[PDB]
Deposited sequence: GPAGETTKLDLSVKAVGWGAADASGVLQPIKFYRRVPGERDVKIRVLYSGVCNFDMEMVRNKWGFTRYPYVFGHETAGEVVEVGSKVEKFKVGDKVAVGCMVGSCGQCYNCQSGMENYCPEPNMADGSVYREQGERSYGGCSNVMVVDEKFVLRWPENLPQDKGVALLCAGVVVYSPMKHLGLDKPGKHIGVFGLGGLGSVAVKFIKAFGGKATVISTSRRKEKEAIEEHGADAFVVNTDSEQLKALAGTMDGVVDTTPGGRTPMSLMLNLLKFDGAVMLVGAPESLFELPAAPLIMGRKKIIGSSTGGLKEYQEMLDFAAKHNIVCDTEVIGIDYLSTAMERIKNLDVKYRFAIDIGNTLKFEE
């Protein structure tokens, strides 16, 4: 009896970054392992850049996927969390050292030795844009019954990235006024989380066309175009926090600091592109802070999903077949999707 787990995934074989199918094996499920039939895989800006090795974290062959939703088809004998049939998800990590202070305190995303699903080096692994995953139960998330997997799968990226810093800073309280720069996947979900927390959300966007969806769909309290200097001046000193989802350096730090109240925080989550110019005087005079954040701990992933489910929050998602992946990447780059693609792996990814 051949036990091996045959898999196929999409990514790049070479540094050229040309998208291709990649055949490989998953390990046989150990006693604590969960074998997952992948139903949906999110794709985002991060994946699009990783395939071209924008940041030097990519090892080839490279199968992307840090946004994975599926169903349990097999469990190891000592698995307690999940049974066959259960809907589950996997985020950016499939392992950590488990003995460092970060791991002990539930911040596995800041383990010095993370085991990334897509194998990014910042074990040799293949990501969730594949037919099947085998993952230790610790790193598998329970999927809430009331969330659809197709529209929800992007929460694993869009959701956790914004939820984690807001919780860390204690901004997830009623009454807080939070500004959000850039209304894409992260931006839109941030607005929806802020409203559900009982806060007030202001959107600053480069796209005037997004006013309607910001106000009418996401429930933002205000929408401001980034070039509207007089309106931005008027919002000086009004925000408990600012969430910057724009590429690092594309929004002036001086603007973001000026919008903050005393003790306010700028939360940088966007991909670094260029240096910020940082004036010290606003930080010092206002005891303001700038903080960065990447993904979230395992607990935060689960809490985020449970929260989204409670308030019926999803990410605006376009569901596509695997054969459209090349075009999807182009649309991601051109900011021509509202706001994320989800790949229907379960129905469209096939062998040979």
item: Non-modelled portions of the deposited polymer sequence, in sequence order; value: 1-8, 131-134, 365
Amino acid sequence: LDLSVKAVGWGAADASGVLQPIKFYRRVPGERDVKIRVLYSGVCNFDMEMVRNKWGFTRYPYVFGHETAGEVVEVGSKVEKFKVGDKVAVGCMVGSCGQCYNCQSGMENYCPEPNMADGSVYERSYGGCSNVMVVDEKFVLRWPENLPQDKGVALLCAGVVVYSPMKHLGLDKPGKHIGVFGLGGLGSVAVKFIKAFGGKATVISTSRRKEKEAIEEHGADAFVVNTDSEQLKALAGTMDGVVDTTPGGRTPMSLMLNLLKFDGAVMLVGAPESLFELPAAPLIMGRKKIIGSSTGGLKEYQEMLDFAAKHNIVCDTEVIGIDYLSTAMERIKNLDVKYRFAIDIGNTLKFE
From here on, numbers count along this sequence of modelled residues.
{"query": "Between 17-25 and 325-333 (mean CA B-factor, as deposited), the higher", "finding": "17-25"}
{"query": "Stretch with the higher entry mean CA B-factor, where the candidates are 99-107 and 141-149", "finding": "99-107"}
{"query": "Given 173, 210, 192, 261, the residue at which the Cα B factor reaches its maximum", "finding": "173"}
{"query": "Per the PDB entry, maximal CA B factor within 66, 52, 37, 288", "finding": "52"}
{"query": "Residue 240 - Cα temperature factor, lowest/middle/highest third of chain", "finding": "middle"}
{"query": "Lowest, middle or highest third - CA B-factor, residue 114", "finding": "highest"}
{"query": "Cα B factor band for residue 284 (lowest, middle or highest third within the chain)", "finding": "highest"}
{"query": "Third of the chain, ranked by Cα B-factor, where residue 185 sits", "finding": "lowest"}
{"query": "Assigned third (lowest, middle, highest) for the C-alpha B factor of residue 272", "finding": "highest"}
